[PDB]
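>>> requesting a structural model of the entry that follows:
(4 chains, ligands or ions: 8)
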There are 4 protein chains.
Amino acid sequence: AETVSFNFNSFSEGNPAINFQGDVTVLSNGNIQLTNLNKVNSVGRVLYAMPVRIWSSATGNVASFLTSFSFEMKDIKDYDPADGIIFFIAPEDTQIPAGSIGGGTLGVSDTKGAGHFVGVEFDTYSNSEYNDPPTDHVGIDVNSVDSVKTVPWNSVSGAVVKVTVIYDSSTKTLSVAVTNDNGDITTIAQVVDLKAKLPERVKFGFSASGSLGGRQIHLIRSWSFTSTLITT
Amino acid sequence: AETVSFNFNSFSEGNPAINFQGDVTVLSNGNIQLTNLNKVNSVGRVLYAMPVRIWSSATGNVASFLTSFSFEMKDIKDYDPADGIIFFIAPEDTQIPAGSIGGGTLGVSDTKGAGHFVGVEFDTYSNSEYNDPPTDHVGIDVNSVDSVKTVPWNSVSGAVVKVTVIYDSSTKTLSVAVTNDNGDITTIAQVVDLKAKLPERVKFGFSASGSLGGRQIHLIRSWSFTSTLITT
Amino acid sequence: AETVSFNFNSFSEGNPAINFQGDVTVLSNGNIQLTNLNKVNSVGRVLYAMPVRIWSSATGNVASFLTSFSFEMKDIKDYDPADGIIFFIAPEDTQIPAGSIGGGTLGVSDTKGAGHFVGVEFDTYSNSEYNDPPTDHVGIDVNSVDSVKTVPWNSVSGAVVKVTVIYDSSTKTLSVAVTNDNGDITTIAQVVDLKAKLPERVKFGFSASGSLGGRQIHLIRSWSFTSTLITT
Amino acid sequence: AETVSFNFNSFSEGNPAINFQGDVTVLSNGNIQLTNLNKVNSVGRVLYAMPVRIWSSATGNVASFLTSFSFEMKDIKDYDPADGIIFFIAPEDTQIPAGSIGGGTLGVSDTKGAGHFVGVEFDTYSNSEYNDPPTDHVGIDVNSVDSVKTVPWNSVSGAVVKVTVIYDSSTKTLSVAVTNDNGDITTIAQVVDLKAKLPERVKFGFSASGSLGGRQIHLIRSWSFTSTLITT
Ligand SMILES: [Ca+2]
Ligand SMILES: [Ca+2]
Ligand SMILES: [Ca+2]
Ligand SMILES: [Ca+2]
Ligand SMILES: [Mn+2]
Ligand SMILES: [Mn+2]
Ligand SMILES: [Mn+2]
Ligand SMILES: [Mn+2]
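Numbers count the residues shown, from 1 in each chain, chains lettered A, B, ... in the order given. Ligands and ions are numbered 1, 2, ... in the order given. The relevant structure is shown in the block below.
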């Protein structure tokens, strides 16, 4: 029984359990703000320091994890809300793409839209070049921001959103259940083999980016985590 | 969107929001002791008053729901810790089986271990008659307690456990993630069609049965559920 | 040397192991409920019947003890949560203060809040009448409820809390580490010469007190304890 | 609050959560074995991989921590048991003393007997040079295997121990509570200022060494940590 869990009701520049990437910045309160509002093509990402082992080439067993977080996006004239937020998983050596252009890559892929990540994106700005659907949305991305599957979601300025991902390794089904402002929930799922698209040890994080014409406020609020691996 | 949401920190026998059925009683703090210990073949069930439409035959759309709740199963000599609690989903006119028999029917099935329902059971006694595993577990039950899928679980006496369930209409997946005391977490997932296996309107609830020689305590401590069915 | 250890996962009116006092009552899930909620100025206590010897005058040595216990306190309209639970150590003949008054005495002190005992008080009502910190606090008490040491704590309604308490004799330091629900721990410590405060043999127990305006649910869940006295 | 909890009921090589040093090896049943037998002057350390910041230069606050763990020492024909185990706290960039003699240093101090580290030790071999007591003892070490204070203890071949440590920041009182196979608890405490003896960030871990004449089995059955740091 190999478990790894943690809790964050407020973050802070300092706590080694958390490492920053890009323009993340800690707020007077406790929240985290990924993108910078004055930089062009900004990119921010944040992830748990110590990496997590999600499977053993020894037992072949895959790990199951339960997570949940609360973010919040918010408009800001005269720019356009973009591009959004992505909850990802990446090799223990993941850096913000080389000279990343930011924009709709969500700071996790390259210009073409690819990279070595598996995540959940809360895309608010529909990017043609990546086959985004003409509306805001929740989607599953694998080694590319050209989501494998998506789902009609609605970004609400100032709305405090709440997410809950459940990974059942016995089926390898990634399950996402978003909890909007008003109550309506949005659910998305996609059977993705982690042991096949990711290395033994990986890192869990949050990325958010903006273009030149679009910049929005990206704040992460809470992120509890627990992942158990079985070894026998 | 046609949503339905509620949250219970503690209940009562009066709050018409809850339907009590049988041995079900209510502690002096809000916990719902399902089974009675002095009675043999006891059966406790607590449905959620107001029924919920989980699919419109007109639109074919199946509702998606995210629920999380907490229970507790504490031993009591000289009996056995059987059979356990079950979070089921059954038609709006559902009632404890005609001339029930506690035991491993859990208050949802007949003698043959059959019935009209869908649920996540937390089994602690191996009743070979309905082909159960050899140890405590968590199974997904479809019109039967002879589970469709099982994962080895570990019930702990006087252990506050946490269950989070996500049903994603799109994939018709019933993701289950248990969070035992210590920290380790147990998960099991499956594909259920509800619509296929159920009427448009039903009720969500818990249940607990108790054989002749084996009785135990089944406390339901908290419960939140939010269902939504896109339709328009 | 001479050790005295025990363990309680449940209790039950019909066990010579514990003396009941006040308005105490045992629930169906094996839980000592201190205060009864339909009475003004309620005081129920509970303690190990067999008086334990913490120190002997012949040798001059004091014993060290290790104890852990868990309790649940829960809110309810229309009264306000108070006053709270207190783990205390008193003389072998310790009785509930003559003609109690409830309020911030926790069943150990009188009207002036002073008595013969030494205990840990998980406080929920700021009884300024006894120089109480303006928030749910934690503190060590020595012959009164006008704490020597206090620590901002935070009691969560309907939340299961654990507590480990250490008392080293060589330093006579009372260590206390409260583990809330969410995980963070609140701790407090102090120097206390039991030998100079309490008599050779003393009983250990729990006590909760209510008032006319305010009341709440006091649940003592489990209790294991161990103490060793050097005899040379 | 900035808590950091984890816990292992068993260990496994590779798990990025743990860092192994020296002669450390993991047994086939989840136990770690700090020392090597057929080797001379064996030293074995195991650290919680990720660093925990034990104090903030911003507020000046220390953190409190509640950790408990289980260790076992067994005799091997006809090498005398030596020297013992040590739960320590030291600067993250902590490595095994270059050219460590092992033995009475337990591999956390040099020949002289000093080193930058705080820690509780379960010493079991009279090392005149380090002013150790005449018998198996326990002690709170502060930058020297020459314990600031020790108490009599007793290593029992193949016996499993039970230790609970609590460091209350409000008093800077590190208190330990041992539990011999038989039952007697063993308390010892001391005021160590983890704010003034170490650097904001440290690593926790267990170290075990030996000699040529002295050798033995050191196993660590399970370790569970938790440390909250208030930041406001
Ligand atoms: Ca985009
Ligand atoms: Ca059964
Ligand atoms: Ca008070
Ligand atoms: Ca030594
Ligand atoms: Mn997209
Ligand atoms: Mn079953
Ligand atoms: Mn007080
Ligand atoms: Mn020593």
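
>>> against ligand 1, how distant is residue A:164?
In this structure, residue A:164 and ligand 1 are 23 Å apart, going by C-beta to the ion, to the nearest Å. C-betas here are computed from N, CA, C, even on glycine.

>>> gap between the closest residue to that residue other than its chain neighbours and residue A:185?
Nearest non-adjacent residue to residue A:164, counting by C-beta to C-beta, 6 or more residues apart in numbering or on different chains: residue A:68, 4.2 Å away. Residue A:68 sits 13 Å away from residue A:185, taking C-beta to C-beta, to the nearest Å as the criterion.

>>> pick out whichever of these two has more residues nearby.
residue A:185 (23 against 18; other C-beta atoms under 10 Å in any protein chain shown).

>>> residues touching residue A:25, list them.
By C-beta atoms under 8 Å, 6 or more residues apart in numbering or on different chains, the contact set of residue A:25 is A:32-33, A:36.

>>> three-state assignment of the residue of chain A found nearest ligand 1?
Using C-beta to the ion, the single residue of chain A nearest to ligand 1 is residue A:104, 3.1 Å away. Assigned by DSSP: H, G, I helix; E, B strand; the rest coil, the conformation of residue A:104 is helix.

>>> equivalent analysis for residue A:38, please.
Under three-state DSSP, the three-state class of residue A:38 is coil.

>>> looking at neighbours, which among the contacts of residue A:25 is most surrounded?
residue A:32 (25 neighbours).

>>> tell me which helix or strand the residue nearest to residue A:164 sits in.
Taking DSSP states H and E as the definition, residue A:68 sits inside strand A:64-74.

>>> orientation of that strand relative to strand B:64-74 in degrees?
130 degrees (axes from the mean of the first three to the mean of the last three C-alpha atoms, to 10 degrees).

>>> what sits against the residue in chain A that ligand 7 sits nearest to?
When distances are taken as C-beta to the ion, chain A reaches nearest to ligand 7 at residue A:9, 26.9 Å away. Taking C-beta under 8 Å, 6+ apart, we find residue A:9 in contact with A:30, A:222, C:182, D:1.

>>> need the single longest strand in chain A, by residues.
When chain A is parsed with DSSP state E, its longest strand is strand A:217-229.

>>> now the residue of chain A found nearest ligand 8: closest residue in space that isn't a chain neighbour?
Distance from ligand 8 to each residue of chain A (C-beta to the ion) is smallest for residue A:16, at 30.9 Å. The shortest distance from residue A:16 to any non-neighbouring residue, by C-beta to C-beta, 6+ apart, is to residue D:51 (4.9 Å).

>>> that neighbour: neighbour count?
Residue D:51, neighbours per other C-beta under 10 Å, totals 21.

>>> just grab the bridge partners of the spatially most central residue of chain A for me.
For chain A, the residue nearest the mean C-alpha position is residue A:87 (1.2 Å; C-alpha atoms, centre = their mean). Judged by DSSP bridges, the bridge partners of residue A:87 are residue A:120, residue A:206.

>>> where do the helices sit along chain A?
Assigned by DSSP state H, chain A shows helices spanning A:194-197.

>>> ok, now which ones touch residue A:32?
A:11, A:24-26, A:46, A:206, A:219-221.

>>> spatially nearest residue to it, not counting backbone neighbours?
Excluding the flanking residues, the one nearest residue A:32 by C-beta to C-beta, 6+ apart is residue A:220, at 4.5 Å.

>>> for stretch A:30-49, buried residues please.
For stretch A:30-49, burial by neighbour count (16 or more other C-beta atoms under 10 Å in any protein chain shown) applies to A:30-36, A:41-48.

>>> and for stretch A:138-154?
Buried, per 16+ other C-beta under 10 Å, within stretch A:138-154: A:138-147, A:149-151, A:153-154.

>>> around ligand 1, pick out the residues from chain A.
Within chain A, the positions near ligand 1 by C-beta under 5 Å from the ion are A:83, A:104, A:123, A:127.

>>> redo that, cut-off 8 Å
A:82-84, A:103-104, A:106, A:121, A:123-127, A:130, A:132, A:145 (C-beta under 8 Å from the ion).

>>> buried subset of those as a PyMOL selection?
A single PyMOL command is used to select the members of the residues of chain A next to ligand 1 judged buried by 16+ other C-beta under 10 Å:
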select buried, chain A and resi 82+83+84+103+104+106+121+123+124+125+126+127+130+132+145
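
>>> now, which of the residues of chain A next to ligand 1 lie within strands?
Secondary structure from DSSP E places A:84, A:121 of those in strands.

>>> can you tell me the residue of chain A closest to ligand 5?
For chain A, C-beta to the ion, closest residue to ligand 5: residue A:123, 3.8 Å.

>>> no further queries at this time; thank you.
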